[PDB]
Structures are given as C-alpha cells and as structure tokens.
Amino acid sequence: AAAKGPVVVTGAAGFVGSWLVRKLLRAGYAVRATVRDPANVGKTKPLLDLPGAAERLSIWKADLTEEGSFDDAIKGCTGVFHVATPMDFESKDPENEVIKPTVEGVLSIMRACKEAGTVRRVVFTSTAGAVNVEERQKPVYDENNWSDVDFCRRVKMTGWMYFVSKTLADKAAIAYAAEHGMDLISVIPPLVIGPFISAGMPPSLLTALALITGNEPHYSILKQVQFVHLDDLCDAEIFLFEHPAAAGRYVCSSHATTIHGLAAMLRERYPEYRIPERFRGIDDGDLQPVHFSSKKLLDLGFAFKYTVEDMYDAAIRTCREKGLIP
C-alpha cells in the first residue's frame, strides 16, 4: 500500500515526540518530523536511524516562536501531532517567556493547519497539569476538570508557569478549533515512563526514578502521582487520530498511586536498589491515590498494554546502559 497520509510531529527530537515518530512509522505513515535545528546530528541522527525512516521520514526546521516556520511542513498533511512545548522554567519573565509563547505557538500551529486546508485532524498533547492543579484536590479527575490558573499564579508552586502555559494553550487550541470548525483531539498524559532514544535522561524519568537515585526535590511530585507507559500514550495518540468518532479531550492515565505505594513496589521488585523508608518533605501518614479516569478513551475501544512494573523495567534498562547506577 501507500503511505497513510503525510502527518507532522512537532518536537520530534524529544522524549515523547521521537517515540511517536517511531510508532507512526511502524503504523505505515509518512512522517514529517519537526526540529529546531535539522543540523544538530546528535538530536536528529537517532530519528533517521529509525526503522523505516529512510523511506518515509523527512526532517523539517520549525520553531514555535517563528510565525510560518511550520507552514511548509504542514502543507499537504492529513494530520498534525503537536508535541513540542517550551520547556524553559528558569525564567524571570515567565509570562512573556514561557506562557504567551506556549499559547502563541499552539495558535500559530492551529492557524497553519487551517490555512494548509489539507489537515483533517489536529492532535494536541496536553498534560495532567492542565486538569488537577487546584487548591482542594479531588479524588477523581477526568477530561472535564481544568487546572486553576489563578491559583497557580497566586501560590506559584514549583512548576507553576508550565501548568499555566499548558492549561491556557489547551483552552486556546480548543477555542480556536471550535471557532473555525476544526477537528481537534486533546490528549492528557500524566507522568510518562518508558524507553528513550536520546543520550540524556528525560525529565519525567528523573521524577519516576527519584526514589532509586536520591532526587529528593522530586519526592513531592511522586506524593500523589499517575503514570502512563510512553508506548501506550503514543499508541493512544495514533488510535485517537484514526478513530472517526473521537473528539475533544482525552485522559490517558493507566496507573494512580502514592509515593509510599511506589516505594513498596520498588522494594519488593528491585531488591538490588535501596529504597528509602521515610521520604524527606513528606512524612505524615495517610495518602490515598488520586485517580485520572481514562473511561472516555477506553470506551472507544483503546486498551493499555503495560503495567507500572513494565514501565520501570524499561526505564531502568535504558538508563542502566548509561545515566544510573546498576
């Protein structure tokens, strides 16, 4: 058969984007992978080495801060997977340097998609930080819950600008799509764990593996955390792109637990690494999982393939090669 319609993946050199490019290639797609510097071979080479990239992968230069930088890559495509997002959070002007750029970059992508005229559906990768960041945590969250931007700007917890960046970018994309009759899917992943192709530790694996290492500043994140295997997320993003009935936001979380429960699992399953018994900055006593419901996606027929055990087994190995002690 022929390639299943040219699709674009923004941020293809990244943790999520590189794997989605892989999975889209395996699924029979012609993939137009976007990067800020097609010349940085350290970042681009792992993509070109992917199975099937020689025939159906092409690399394009684009930057969310440069208007029109994406028009060429999008022209003639049937779909666009927006995965790139500004990841700088050591800013002194978070607003004009992280927030507005994130919101203006997604809207420019949406504008490019509408003007291309060939795109049938846009898949925006959101984050759980656009759902459950509020003063009083609920026991269950789904695609109808939205983070409280005002509360984020008020208390300015660690990582506040990213949550607000992504929550506004999510709302912006949805509004633009509704105003212009565009078909937009919004996929909400929690902390993503899985293999990686870069030679640098993905940030989400720093958090996921903070209990084996000693990354105590990451303990607060694991307090009440949800996970998804990177492979399941990328599969779900392809599933949602191909299902004609999909529409709107989708939660893509397959596991919810607490720091205590995770430490328990790692103790029993990895006697080799020493797991702390008391975690700095947590202490206290009663923590109950906060669940992210994926019922909308599962109802459409999607099924998760991997367990949290599968996630760490794969994260360990790809890091045991380099980046972590054995």
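We number the residues from 1 along the sequence you see.
Looking at the entry, does 26-34 or 45-53 show the higher mean C-alpha B-factor? According to the entry, 45-53 carries the higher average C-alpha B-factor.
Tell me which stretch, 196-204 or 101-109, has the higher mean Cα B-factor listed in the entry. Looking at the recorded C-alpha B-factors, 196-204 comes out higher on average.
Which of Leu298, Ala62, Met265, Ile59 ranks first by CA B-factor in the deposited coordinates: Comparing C-alpha B-factors across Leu298, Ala62, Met265, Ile59, the maximum falls on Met265.
Quick one: classify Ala246 as lowest, middle or highest third of the chain based on its Cα B-factor. Lowest third, going by the recorded CA B-factors of the chain.
Going by the entry, which third of its chain does the Cα temperature factor of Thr307 land in? Middle third of the chain for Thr307's C-alpha B-factor.
Check where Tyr219 lands among this chain's C-alpha B-factors and tell me if it's the lowest, middle or highest third. As the PDB entry reports it, the C-alpha B-factor of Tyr219 lands in the highest third of its chain.
Sorting the chain's CA B-factors, does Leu209 end up in the lowest, middle or highest third? CA B-factor rank for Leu209: highest third.
Would you mind ranking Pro190 by its C-alpha B-factor against the rest of the chain and naming the third, lowest, middle or highest? Tercile = lowest for this residue's CA B-factor.
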